[PDB]
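Inspection log for the structure reproduced underneath, given as structure tokens.
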Amino acid sequence: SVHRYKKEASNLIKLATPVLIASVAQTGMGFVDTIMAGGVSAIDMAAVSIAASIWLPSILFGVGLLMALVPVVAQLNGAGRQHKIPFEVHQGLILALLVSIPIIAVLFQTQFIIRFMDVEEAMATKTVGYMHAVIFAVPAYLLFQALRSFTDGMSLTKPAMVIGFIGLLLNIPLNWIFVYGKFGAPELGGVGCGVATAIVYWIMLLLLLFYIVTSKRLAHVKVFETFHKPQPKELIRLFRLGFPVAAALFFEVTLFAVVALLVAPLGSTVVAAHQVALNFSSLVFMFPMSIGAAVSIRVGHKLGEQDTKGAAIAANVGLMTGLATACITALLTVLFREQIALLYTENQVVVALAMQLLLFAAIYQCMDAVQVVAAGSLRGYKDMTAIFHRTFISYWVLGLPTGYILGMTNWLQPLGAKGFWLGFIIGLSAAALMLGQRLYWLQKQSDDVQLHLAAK
Amino acid sequence: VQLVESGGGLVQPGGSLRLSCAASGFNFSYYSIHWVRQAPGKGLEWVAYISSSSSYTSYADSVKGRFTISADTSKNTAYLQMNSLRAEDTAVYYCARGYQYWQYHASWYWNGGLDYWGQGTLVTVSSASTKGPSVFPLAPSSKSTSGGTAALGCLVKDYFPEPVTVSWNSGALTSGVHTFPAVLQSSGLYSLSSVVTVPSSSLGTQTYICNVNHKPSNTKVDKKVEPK
Amino acid sequence: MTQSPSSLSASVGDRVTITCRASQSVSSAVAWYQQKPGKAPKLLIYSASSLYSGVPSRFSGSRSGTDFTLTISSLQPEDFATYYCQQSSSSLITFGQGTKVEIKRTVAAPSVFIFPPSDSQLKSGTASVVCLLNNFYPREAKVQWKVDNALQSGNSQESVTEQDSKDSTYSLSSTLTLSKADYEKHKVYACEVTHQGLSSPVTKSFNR
Amino acid sequence: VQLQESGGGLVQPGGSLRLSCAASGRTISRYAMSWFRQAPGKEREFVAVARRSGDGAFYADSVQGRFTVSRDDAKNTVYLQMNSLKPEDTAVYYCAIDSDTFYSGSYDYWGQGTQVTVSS
Amino acid sequence: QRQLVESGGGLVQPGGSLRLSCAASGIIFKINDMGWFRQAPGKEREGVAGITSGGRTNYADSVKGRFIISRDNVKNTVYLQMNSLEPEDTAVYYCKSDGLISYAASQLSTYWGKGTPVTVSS
């Protein structure tokens with residue numbers, strides 16, 4: 001019937017919706033910093049916008065290694081054991097600090113990068129100051145991600161959105177204290193926003209720890225009672241699970257960087273519309289990612305409960321819901337490609353060219369939604385390895401050469417950005433096609449074999 | 001700032017020639033480049049200009065449709081392409097620098113002028129082949145002021161190309177020596193003459209000599225002038 | 001454009017004025033140039049009144065209604081050159097005819113000589129005769145060629161030297177080109193010259 | 001076309017005299033009008049020339065500094081203001097008018113002359 | 001050329017005042033710096049003022065006390081009030097604007113003007 005499926009589709013949304021608010025208010029910090037740093041110059045607004053382009057991928061690579069804790073914790077809760085739950089958390093933190101060792105190194109190498117980009121000193125001396133101010137937050141951002149990954153793994157999502165929203169609401173007024181040199185605080189024109197970001201991240205971490213200690217819903221775990229110690233044998237287990245998830249993100253970012261370099265030979269009016277279209281296609285990526293995150297915790301719960309039909313129905317309903325939301329937002333983007341391009345910019349040639357790229361951005365949305373929901377469902381099964389192979393093959397072997405063939409080389413008149421966007425679409429379709437096949441192969445296996453694989 | 005010319009020389013009529021103005025010392029994109037032509041013994045005359053790009057380019061009415069000017073922003077150079085030349089095109093060509101948008105600015109109260117000039121290169125359109133001169137003596141007649149002053153001449157004729165010099169008594173005499181400018185004959189050749197206002201009494205009874213040197217044909221003939 | 005004085009005669013220390021006629025309703029604030037004989041031109045005054053950077057304050061432009069004048073406060077021995085206008089137009093710029101400033105001088109009458117054709121030239125086949133004007137002032141003089149009282153024309157070509165540096169006086173020479181056949185026909189050849197320093201024209205002749 | 005000199009008479013050395021030439025039948029404002037003089041038994045040597053307005057006036061070597069010429073186009077009359085006369089200046093001053101516009105020295109007309117003698 | 005246009009320059013006697021105004025189109029102007037430049041014949045282009053998106057005017061050394069740069073955001077224009085002019089202020093004045101092209105970029109874009117002449121003389 002349909003009274004058995006719908007219940008699941010009521011759970012999933014109830015899990016997926018809060019995460020979205022906790023993920024929208026994460027780019028709000030960068031946006032607010034950039035906007036408030038432009039009310040004092042256009043040198044500052046372009047100095048804290050370069051420094052937010054080296055910070056974000058560097059911290060995403062670090063976060064990617066702590067996203068393998070969600071299935072590990074959610075499966076123990078389903079199996080009903082729960083008394084191994086405090087042991088894994090105390091390991092995750094020991095990992096988080098360690099993965100802040102390389103990042104803080106690479107950020108100190110910021111200078112050698114900007115002089116590689118042909119940047120004048122008048123804003124280099126501001127970008128370096130901003131980066132040195134924000135390095136004090138990667139110890140308190142990765143730990144907060146580990147704690148949030150725990151609370152999500154416990155099928156409890158509320159304490160993330162509230163804390164993120166409070167963080168942003170405390171970021172807005174506390175920039176104006178340190179930017180406009182007020183209340184006996186440094187003038188600090190373009191680095192005050194970095195200092196405000198560090199302070200608000202530390203406050204959010206402290207509030208989350210206070211909630212974890214006091215909450216009456218987690219009291220049956222007794223989390224902060226032991227003083228456990230690291231052990232390499234068990235800790236290498238988490239690294240093997242977590243590495244491919246980070247590798248896929250790294251290769252995706254490098255692909256998006258290389259495409260811009262190949263488009264640079266064209267006019268500076270072409271690259272601006274490409275950047276606008278890509279930025280907007282990255283903003284509306286949050287809905288399928290949130291649905292994937294909800295499916296990931298839901299699928300690992302059923303397999304912990306020694307139930308497999310529950311995992312199958314969870315994955316299928318996740319796919320259907322991701323497809324439906326992709327379709328609705330693609331229609332709402334195609335119907336409204338007038339006002340947003342005018343929100344972004346002012347030149348009418350730039351808007352007249354970006355209206356053409358939004359058409360392909362709609363198909364891009366509709367395809368990557370299915371791709372990412374399938375990837376989340378596969379991550380539910382602790383199969384973190386096949387994702388990397390399949391997405392790397394579908395990105396850098398089919399996605400990239402086909403863009404160049406339809407673009408520069410003038411085979412098959414030359415096409416500009418549109419050839420590259422068609423290359424993106426081909427890569428995404430191939431990735432979705434192979435991940436679906438892998439999921440079906442893994443879903444048509446015996447109960448013992450599938451559980452054993454999910455047990456490891 | 002420095003402007004340099006190269007590419008000027010003898011050309012056959014109806015041929016082609018290309019002149020370059022290798023600008024250096026300034027930002028090329030902020031300024032235009034004008035070409036100015038001065039005929040031999042006449043006033044200045046404007047020819048053409050180009051801005052940093054081919055977007056702005058104008059011509060004078062006398063050379064419209066026969067001269068093409070193009071700029072090379074990469075190595076700071078502007079070219080003039082002259083083809084189907086005539087006999088009246090022999091002149092000296094200067095390169096001058098001005099503002100970029102000077103049609104837009106100029107009004108009833110503003111005119112920015114051309115700041116820096118090049119020294120220019122001489123282009124001549126020949127009709128005859130290079131050859132050496134012939135020297136003839138202009139004897140002082142026995143009755144032309146016999147007793148006071150006296151005039152003694154020396155006529156060179158029918159040489160090509162231009163440069164030539166005359167010397168009297170191998171540099172030992174410069175008392176009133178005039179050497180008139182070379183005038184272009186109707187036959188495409190060149191003429192000249194030089195005279196001395198030597199005093200009377202057998203002219204000092206030393207036989208005055210003419211020392212003419214024409215480098216392209218390496219001729220240094222000497223004529224010993226005397227009356228009869 | 002036609003500058004009204006085409007040759008000035010001024011001595012050291014006098015005030016000198018050159019005027020430019022903007023012979024159109026295309027007045028665009030002329031700029032004035034200077035050129036020594038055989039050099040590149042320079043810029044003195046742009047925008048019709050302002051002074052180029054590095055020019056002595058003797059020079060100073062003006063604008064009298066629709067006429068543009070350059071006035072030199074005191075004429076030094078280095079201000080002896082040719083001066084041009086640079087009126088612009090819709091898309092082309094035009095240079096005036098240019099006036100030449102020469103040093104003023106007591107009027108001098110020319111001394112006239114005539115030279116018969118060289119004997120060696122008769123073998124070549126084209127005879128040339130020349131009469132010479134020596135050490136006169138000012139430049140304006142007129143030579144007339146008469147052969148047996150017939151006034152020829154088109155066979156003469158004359159070239160004048162430049163102002164001498166010692167006494168500042170000129171020298172001119174006009175030559176007559178005749179084929180040997182035409183030369184041998186006639187009997188008397190005469191050179192007639194007129195000048196403001198001569199009460200009556202002086203003629204020098206010779207027998208062939 | 002008629003020229004007429006006037007204003008001439010005996011004067012002491014170092015005196016001052018001022019002649020005048022009544023031009024008629026021509027517009028002298030378009031031409032230049034030259035001064036000449038002939039002493040008894042002598043040639044007619046140059047004295048001075050007054051070109052058009054804005055062209056200046058030129059003087060011979062001997063009379064430089066002492067003499068002065070000026071035109072009056074309205075009355076069509078030239079005037080020669082003589083300063084610091086000398087007995088050598090004794091001569092009959094024959095006026096002349098230049099026909100050519102280019103100042104080429106083509107004189108066509110002369111006056112009847114006026115006797116001037118200097119003797120203390 | 002098309003984004004920026006200047007107007008207001010003309011002849012003025014020494015000791016007089018002017019008011020140049022630069023009007024910008026196709027530019028955000030809320031997040032842009034501004035500035036005026038001059039170039040006299042024989043010389044080279046040199047800065048003469050500057051305002052940065054919130055104030056903090058940046059006059060030149062030989063210019064302080066006479067030139068007062070201001071900006072107006074409702075109708076996007078930049079002014080410059082010239083006071084006590086002297087014969088050495090004759091040149092052609094340019095407008096310049098730099099800032100982000102869109103809200104999604106990271107590098108600055110610079111646009112120039114065609115210039116308006118100013119000539120000061122009696």
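The way I read the labels, and the way they are meant: chains A, B, ... in the order of the structure tokens, residue 1 as the first residue of every chain, and ligand 1 as the first ligand shown, with later ones counted on from there.
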Spatial neighbours of residue 84 in chain D, max dist 12 Å, only C-alpha atoms, sep filter under 3 positions, as an NGL selection string: :D and (11-18 or 63-68 or 81 or 87-89 or 118)
Take the residues just selected and output them with N, CA and C atoms as a compact mmCIF listing (two decimals), in the first residue's frame.
```
# COMPACT_ATOMS: atom_id res chain seq x y z
N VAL D 11 69.13 124.81 -44.54
CA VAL D 11 69.11 124.58 -43.10
C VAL D 11 70.55 124.49 -42.61
N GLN D 12 70.77 124.86 -41.34
CA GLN D 12 72.08 124.79 -40.72
C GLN D 12 72.40 123.36 -40.31
N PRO D 13 73.68 123.01 -40.21
CA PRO D 13 74.05 121.69 -39.69
C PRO D 13 73.47 121.47 -38.30
N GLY D 14 72.92 120.27 -38.08
CA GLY D 14 72.27 119.97 -36.83
C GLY D 14 70.85 120.47 -36.72
N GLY D 15 70.30 121.08 -37.76
CA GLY D 15 68.94 121.57 -37.75
C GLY D 15 67.93 120.46 -37.95
N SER D 16 66.69 120.87 -38.20
CA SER D 16 65.59 119.94 -38.40
C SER D 16 64.71 120.42 -39.54
N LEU D 17 64.46 119.54 -40.50
CA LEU D 17 63.58 119.82 -41.63
C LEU D 17 62.64 118.64 -41.82
N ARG D 18 61.51 118.91 -42.48
CA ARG D 18 60.43 117.93 -42.58
C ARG D 18 59.74 118.10 -43.93
N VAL D 63 72.65 107.67 -43.84
CA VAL D 63 71.59 108.43 -43.19
C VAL D 63 70.97 107.69 -42.01
N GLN D 64 71.52 106.54 -41.63
CA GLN D 64 70.98 105.79 -40.51
C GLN D 64 71.15 106.58 -39.21
N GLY D 65 70.11 106.56 -38.38
CA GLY D 65 70.16 107.23 -37.10
C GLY D 65 69.68 108.66 -37.11
N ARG D 66 70.01 109.40 -38.17
CA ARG D 66 69.64 110.82 -38.22
C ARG D 66 68.25 111.01 -38.82
N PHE D 67 67.97 110.35 -39.94
CA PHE D 67 66.73 110.58 -40.67
C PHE D 67 65.62 109.66 -40.16
N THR D 68 64.40 109.94 -40.62
CA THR D 68 63.22 109.18 -40.22
C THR D 68 62.13 109.37 -41.26
N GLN D 81 61.33 113.12 -41.68
CA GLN D 81 61.77 113.98 -40.58
C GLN D 81 63.29 113.91 -40.43
N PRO D 87 76.22 119.41 -44.01
CA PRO D 87 76.39 119.99 -45.35
C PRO D 87 76.62 118.97 -46.44
N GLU D 88 77.03 117.74 -46.10
CA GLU D 88 77.12 116.69 -47.10
C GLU D 88 75.73 116.28 -47.58
N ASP D 89 74.71 116.52 -46.76
CA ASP D 89 73.35 116.14 -47.14
C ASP D 89 72.80 117.01 -48.25
N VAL D 118 72.66 122.34 -47.03
CA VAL D 118 72.99 122.57 -45.62
C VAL D 118 74.29 123.35 -45.58
```
Long-range neighbours of residue 180 in chain C as a VMD selection string, 10 Å cut-off, only C-alpha atoms, 6 positions minimum in chain: chain C and resid 121 to 128
Let me see the file: selected residues, N, CA and C atoms, as an mmCIF file, in the first residue's frame.
```
data_model
loop_
_atom_site.group_PDB
_atom_site.id
_atom_site.type_symbol
_atom_site.label_atom_id
_atom_site.label_comp_id
_atom_site.auth_asym_id
_atom_site.auth_seq_id
_atom_site.Cartn_x
_atom_site.Cartn_y
_atom_site.Cartn_z
ATOM 1 N N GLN C 121 82.154 72.503 -71.725
ATOM 2 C CA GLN C 121 80.748 72.121 -71.755
ATOM 3 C C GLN C 121 80.218 72.031 -73.179
ATOM 4 N N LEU C 122 80.805 72.792 -74.104
ATOM 5 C CA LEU C 122 80.315 72.792 -75.477
ATOM 6 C C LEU C 122 80.449 71.415 -76.115
ATOM 7 N N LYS C 123 81.418 70.618 -75.663
ATOM 8 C CA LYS C 123 81.543 69.254 -76.167
ATOM 9 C C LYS C 123 80.396 68.377 -75.680
ATOM 10 N N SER C 124 79.882 68.654 -74.480
ATOM 11 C CA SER C 124 78.779 67.865 -73.940
ATOM 12 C C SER C 124 77.512 68.039 -74.771
ATOM 13 N N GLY C 125 77.207 69.271 -75.169
ATOM 14 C CA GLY C 125 76.059 69.543 -76.020
ATOM 15 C C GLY C 125 74.952 70.363 -75.386
ATOM 16 N N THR C 126 75.070 70.782 -74.123
ATOM 17 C CA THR C 126 74.052 71.604 -73.456
ATOM 18 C C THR C 126 74.779 72.740 -72.737
ATOM 19 N N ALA C 127 74.667 73.950 -73.279
ATOM 20 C CA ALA C 127 75.361 75.097 -72.713
ATOM 21 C C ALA C 127 74.514 75.784 -71.650
ATOM 22 N N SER C 128 75.164 76.200 -70.565
ATOM 23 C CA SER C 128 74.518 76.927 -69.486
ATOM 24 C C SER C 128 75.302 78.193 -69.168
#
```
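Distances to chain E were evaluated for B:105, B:215, B:228, B:143 using only C-alpha atoms, and the minimum falls at B:105.
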Counting only C-alpha atoms, collect the residues of chain C whose closest atom lies at most 8 Å from chain E, and write them out as a JSON list (two decimals) with N, CA and C atoms, in the first residue's frame.
```json
[["chain", "number", "residue", "atom", "x", "y", "z"],
["C", 47, "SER", "N", 46.70, 75.65, -26.16],
["C", 47, "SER", "CA", 45.42, 76.16, -25.72],
["C", 47, "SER", "C", 45.27, 77.66, -25.95],
["C", 49, "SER", "N", 46.63, 80.29, -25.04],
["C", 49, "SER", "CA", 47.15, 81.25, -24.06],
["C", 49, "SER", "C", 48.15, 80.69, -23.07],
["C", 50, "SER", "N", 48.17, 79.39, -22.81],
["C", 50, "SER", "CA", 49.03, 78.83, -21.78],
["C", 50, "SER", "C", 50.40, 78.49, -22.34],
["C", 52, "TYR", "N", 53.98, 76.26, -22.53],
["C", 52, "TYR", "CA", 54.56, 74.94, -22.37],
["C", 52, "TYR", "C", 55.58, 74.95, -21.24],
["C", 53, "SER", "N", 55.74, 73.80, -20.59],
["C", 53, "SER", "CA", 56.58, 73.70, -19.40],
["C", 53, "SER", "C", 58.05, 73.72, -19.81]]
```
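Residues lying within 7 Å of range 161-177 of chain B, counting only C-alpha atoms and ignoring same-chain neighbours fewer than 5 positions away, are residues 130, 195, 196, 197, 208, 209, 210, 211, 212, 213 and 214 of chain B.
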Residue contacts of residue 172 in chain C (10 Å, only C-alpha atoms) excluding same-chain residues fewer than 3 positions away, as a ChimeraX atom specification: /B:178,180 /C:110,112,131-136,139,141-143,158-162
